[PDB]
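Enquirer: Residue numbers (the authors' numbering), protein chains in the order written: chain y, 2 to 309; chain x, 31 to 280; chain D, 1 to 50; chain t, 53 to 134; chain U, 39 to 122; chain O, 40 to 200; chain W, 1 to 8, 19 to 69.
Note that beta-carbon positions come from the ideal geometry of N, C-alpha and C, so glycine has one too.
My structure is below; once you've seen it, I'll send some questions.
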Amino acid sequence: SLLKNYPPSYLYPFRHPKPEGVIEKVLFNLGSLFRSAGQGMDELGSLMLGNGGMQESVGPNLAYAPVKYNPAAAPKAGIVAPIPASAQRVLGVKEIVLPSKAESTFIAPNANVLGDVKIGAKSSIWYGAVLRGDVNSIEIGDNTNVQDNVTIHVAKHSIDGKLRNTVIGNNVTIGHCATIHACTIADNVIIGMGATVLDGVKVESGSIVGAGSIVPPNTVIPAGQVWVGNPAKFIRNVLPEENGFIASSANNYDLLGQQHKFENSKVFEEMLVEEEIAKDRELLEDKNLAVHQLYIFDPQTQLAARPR
Amino acid sequence: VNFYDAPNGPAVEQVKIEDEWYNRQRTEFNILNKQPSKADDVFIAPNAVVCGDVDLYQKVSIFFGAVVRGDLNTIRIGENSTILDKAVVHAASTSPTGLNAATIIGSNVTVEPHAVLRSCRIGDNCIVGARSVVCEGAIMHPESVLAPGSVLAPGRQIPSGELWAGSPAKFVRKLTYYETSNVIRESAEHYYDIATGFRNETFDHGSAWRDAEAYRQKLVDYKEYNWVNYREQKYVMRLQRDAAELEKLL
Amino acid sequence: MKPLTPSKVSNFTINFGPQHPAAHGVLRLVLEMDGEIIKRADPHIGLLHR
Amino acid sequence: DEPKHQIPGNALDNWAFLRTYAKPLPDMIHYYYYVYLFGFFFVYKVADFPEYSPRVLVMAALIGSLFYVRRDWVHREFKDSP
Amino acid sequence: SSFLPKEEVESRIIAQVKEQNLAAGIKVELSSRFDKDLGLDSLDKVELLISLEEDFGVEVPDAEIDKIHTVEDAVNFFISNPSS
Amino acid sequence: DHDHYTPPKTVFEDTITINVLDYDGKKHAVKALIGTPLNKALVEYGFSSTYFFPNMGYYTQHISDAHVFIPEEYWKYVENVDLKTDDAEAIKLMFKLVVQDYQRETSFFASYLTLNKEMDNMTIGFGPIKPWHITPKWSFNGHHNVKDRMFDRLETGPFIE
Amino acid sequence: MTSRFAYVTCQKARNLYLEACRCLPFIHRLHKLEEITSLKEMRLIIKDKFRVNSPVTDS
Ligand SMILES: CCCCCCCCCCCCCCCCCC(=O)OC[C@H](COP(=O)([O-])OCC(O)COP(=O)([O-])OC[C@@H](COC(=O)CCCCCCCCCCCCCCCCC)OC(=O)CCCCCCCCCCCCCCCCC)OC(=O)CCCCCCCCCCCCCCCCC
Ligand SMILES: CCCCCCCCCCCC(=O)SCCNC(=O)CCNC(=O)[C@H](O)C(C)(C)COP(=O)(O)O
């Protein structure tokens, strides 16, 4: 950048460096006193507030969260990991199953992905989606989009041997608020928003399941057909162009997932710095300011780039 | 991965979800060049997520679990319109009809829990029932009600003053004068009162930051905390990217 | 919803003809200049192609 | 459908009448310049005017108000003709 | 959709069509293909369109030039267009 | 009693397309709904904010108008206005300050035209407009070179800036 | 986003001639040729320049 004399408070807004001047040191000590008094007043107020005291704490990260490992039933989709020794002498669990995801995969912080979940590259798990692999494995293929508030569930195979794992193929779109229990979905399928897919349902490639449609258990939706309804029934065959739509939706949501992953993955200090970037961008919109005569500022980071 | 032409710049440090030890989800956040706008009296629940080009008018209430994603196209929610729990409002890039694909919600519109709206025009004083799906290009005219568990197919219309129900949503009955005049508005006013209540017991910076500050202070005391000039690093990364893009032969 | 930023335009496509305090010979030089600063220089040769 | 006021005249004739207001618009500085100058000189001359009866002053004000032509009226009706 | 009278624009276009060497003699009216009735060449067709450009102060798209084929079609194009 | 109910038409049946000539000279196919005013349909399509001006009436400035050229065949659908009212006053100021010499016999304002079935494939053009000012925020310098949309303007209308 | 209702250079020289005709007024003004010659008059010469090369058929 052009200048190197920028104030340290300007360069490090998240945390100012250690006070060096006498006045700064006195301000630091006064801030310490204020912090302690404020916490005391907070606790006194919390006493009157009653049970709970309106206390707040950081929440656990459930996007990458474990499940109890079963020695009888080995993991199928996810990886198994040891736990810290102190937690071993407290909890007594030897190993815990953890989800397995590729680097390109985007999982929202809100989303809860649990245990036996394998997610492929370029796939996206969006906000509010709950993926529980506690009893049986969940497999999601590449470029597959589990949208907002989608619930994917599994069950145990049981005596019959009926497969109760959930296998989702590549280029599959699961619409918002859809509920998928232990079913199998082939490649290039759109599941409509609100659609319920129950046990034993095999949806063949190229098919579309309509919005708000409940497909009955043990029903095979054949390839290239559109099925809608509360007792989901066939209405029409997929048009040739609608297939290109299916692929286009998958790819568009891949790009969308890349963007959302980029935004969410920034650290706090960078987020606060970017907030200040936006703010002084707004303040610098006036081009008759004295400083604008002095310098031309870089657009992405409003730092002096060259003199005017 | 890294968007080098992003409005605020490239990301100097990106952290993986495995490395997160606490939930960092933001209730309002910016997706590249698209910025959500909110009024003073707009209530967004801590669970709720609002991203992209979403414009929240006065007295808009976004309750717990609702996701309003304005990534593909613009979402506008009118005055005193409430998005209830776990209800998803999203916008498509294009609509099948050929009209604008923005998701425009009128005033005094109640979207009941788990209802999905995508690229639809919802008129003033409308109710979308629970688990009701309104697809792309579907237009609900003002003072109309969609019953719970009903689907409006793409490019379909619900006329004013009518109650519609069914998976292929069909006409059921004409809404009465009392209903259209009072009850539809009254439901939105009730949920505004509930959201006003939730806002009144919310602190500006609730005491959950203390836990992360404890870790940061521990790092400071043990001298692992590093001071990074993110602004300068963003500038340098963009310069290097431009130089490399000039150098490349293919 | 973030404003875009426009740019400026360059004109003054000057023609710098054969000029004595320069390298000897005849030089025809077409210069595109933004104000007093040059943005493109296109030397025209062939004036002494024998 | 609701009862509505009857609008006198045909739609296209009324629109044609309204379109006679779309004429080259002079800038108002030209009027303002002359009004300022003659007003300054007028205020200087007024101190020398004879004292008039209140009745005559009011009648003169009434006549001036009746004789005043709104600037829009000349705008619509102006013809560059003898 | 005729912004200006069909007779006027037709008389004007056929007046410019007459200016071309051929496209005359026994048949200079409507329903005459430029290249299959009038003996015009493609370049001559493009120049004729440019002369109509000068007459009626309005441009013609090149893809429309691919679409235009007849004396009826050119007058239809010019009547349709509001600038005319 | 109890006559037959008439099922509504879907959006596809009641969409008409209008070919709009913009200021640059390009022709745009603007899909529009029957029953909507022309100004709203033009705004939703994505035309720039310079293409439109507020309705200069005492209480109509929230409405966004455009200077449009209407073919003679569709002059019938334009709305009549009473001269002795203030709607004619809004119209007269909009001619006086915006249109001025650029007026033609086809000149009309979009709000007074409502789209219907018989107006399908109608060709209209944006009429040239002179620089106008109401407030520094709501003004037109004379340059049609901003690439925004009048849709993206949440501001209802001109007040003190 | 889908409904069944949703989805329902042999002449290179001609393009070059169109480019020349469209650029003719600019060269008239740049070369101060307004008074000496008319636009139509130059448009006539350009065709003869094009017609000299008619026999060729290889692309
Ligand atoms: C070469 C240069 C050209 C100029 C030549 C002169 C140069 C100036 C020389 C000296 C200037 C100083 C003296 C001139 C007068 C001062 C005015 C002035 O300078 O302001 C700047 C003014 C421009 O300012 P602006 O802000 O750009 O224009 C504002 C308007 O909105 C303008 O917009 P608008 O025109 O579109 O709208 C006009 C509007 C503007 O409103 C006004 O004009 C307000 C005038 C009200 C009276 C003003 C106070 C009168 C007090 C006079 C004091 C002296 C007498 C004392 C005792 C009197 C007691 C009342 O009024 C009207 O709508 C039309 C009606 C006009 C009178 C309304 C009252 C009607 C009452 C009659 C009732 C009968 C009806 C019954 C039947 C009804 C049926 C239902 O310049 C001039 O207009 C000067 C023109 C000179 C012509 C005046 C002719 C008579 C003058 C003396 C008579 C006094 C009566 C006033 C008549 C109207 C005068 C405007
Ligand atoms: C003042 C500035 C004046 C500029 C002068 C420029 C003069 C340029 C002269 C260059 C001439 C060429 O390009 S000659 C281009 C190559 N010549 C050919 O013959 C290829 C195919 N030719 C034909 O089809 C017919 O001969 C034809 C009559 C061309 C019908 O044109 P269309 O294919 O459409 O049908």
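1) Would you say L77(t) and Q139(O) are within 9 Å of each other, going by their C-beta atoms?
2) Run the proximity test for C20(W): is its beta-carbon closer than 8 Å to any non-hydrogen atom belonging to ligand 3?
3) Cutting at 6 Å between CB atoms, please list the residues of its own chain near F29(y), excluding the five before and the five after it.
4) Chain U beta carbons: is any one of them nearer than 9 Å to that of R32(W)?
5) Since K264(x) meets chain y, which of its residues come closer than 8 Å, beta carbon to beta carbon?
6) Does the Cβ of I88(U) lie closer than 8 Å to at least one heavy atom of ligand 2?
7) Taking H38(W) as part of the alpha helix (DSSP H), name the residues at either end of that continuous run.
8) Shortest alpha-carbon distance to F233(x) belongs to which of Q88(x), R268(x) and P76(x)?
9) With distances taken between CB atoms, is the gap from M189(O) to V82(O) smaller than 9 Å?
10) Within the same chain, show all residues whose beta-carbon is closer than 8 Å to that of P9(y), passing over the 5 residues directly before and after it, in chain order.
11) Kindly say whether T45(O), judged by its beta-carbon, lies nearer than 9 Å to any beta-carbon of chain W.
12) Can you pull the chain O residues whose beta carbon is under 8 Å from the beta carbon of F60(W), in chain order?
13) Would you report the Cα separation of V164(x) and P184(x), rounded to the nearest angstrom?
14) If you measure between the beta carbons of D149(y) and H120(x), is that distance less than 9 Å?
15) Kindly indicate which three-state DSSP category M272(y) falls into: helix, strand or coil?
16) From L77(O), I130(O) and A105(O), pick the residue whose C-alpha is nearest to that of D121(O); which is it?
17) Residues in the same chain with beta-carbon distance under 6 Å from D40(O), minus the five sequence neighbours each way, listed in chain order, please.
18) Report the residues of the stretch 87-99 of chain U with a CB closer than 7 Å to any CB of chain W, ordered along the chain.
19) Is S117(t) near ligand 1, in the sense that its beta carbon is under 8 Å from a heavy atom of that ligand?
20) State the start and end residues of the unbroken alpha helix (DSSP H) segment that holds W114(O).
21) Under 9 Å, Cβ to Cβ, is there at least one residue of chain t near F165(O)?
22) I'd like to know whether the C-beta of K39(D) is nearer than 9 Å to at least one C-beta of chain x.
23) Taking Cβ-Cβ distances below 7 Å as the criterion, which residues of the stretch 66-81 of chain U are in contact with chain W?
24) Taking buried to mean at least 16 other C-beta atoms within 10 Å of its own C-beta, is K22(W) buried or exposed?
25) Determine, using beta carbons only, whether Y113(O) comes closer than 9 Å to chain t.
26) With DSSP run on the structure shown, which of helix, strand or coil describes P308(y)?
27) So, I97(y) versus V81(y), is the Cβ gap smaller than 9 Å?
28) Is there a C-beta anywhere in chain y that falls below 9 Å from the one on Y7(W)?
29) With respect to 8 Å, is the separation between the Cβ of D125(O) and the closest non-hydrogen atom of ligand 1 below this value?
30) Measuring only the C-alpha atoms, how far is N130(x) from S80(U)?
31) From what residue to what residue does the beta strand (DSSP E) around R106(x) run?
32) Near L86(U), which residues of its chain fall below 8 Å by C-beta distance, leaving aside the five closest residues on each side in sequence?
33) Note down, in chain order, all residues in the stretch 111-126 of chain x with a beta-carbon under 9 Å from any beta-carbon belonging to chain W.
34) Under 8 Å: do the stretch 107-121 of chain y and the stretch 62-75 of chain y share three or more Cβ pairs, one atom per stretch?
35) Going along the chain, which residues of its own chain have a beta-carbon closer than 7 Å to the beta-carbon of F73(x), five neighbours each way excluded?
36) Excluding the five sequence neighbours on either side, which residues of its own chain have a C-beta within less than 6 Å of the C-beta of residue 1(y), listed in chain order?
Expert: Let me lay it out:
1) yes
2) Here the bound small molecules are ligand 1 and ligand 2; ligand 3 is not part of this structure.
3) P20
4) yes
5) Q301 and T302
6) no
7) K22 to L40
8) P76(x)
9) yes
10) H17 and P18
11) no
12) Within 8 Å Cβ-Cβ: nothing; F60(W) doesn't reach chain O, min ~28 Å.
13) 8 Å
14) yes
15) helix
16) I130(O)
17) none
18) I88 and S89
19) yes
20) Segment: none, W114(O) is in no alpha helix (DSSP H) and carries neither H nor E.
21) no
22) no
23) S80 and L81
24) exposed
25) no
26) strand
27) yes
28) yes
29) no
30) 41 Å
31) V97 to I107
32) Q54, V55, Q58, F72 and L78
33) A122, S123, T124, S125 and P126
34) yes
35) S91, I92, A225, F228 and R229
36) No answer is possible for residue 1(y): it lies beyond the span of chain y, which begins at 2 and ends at 309.
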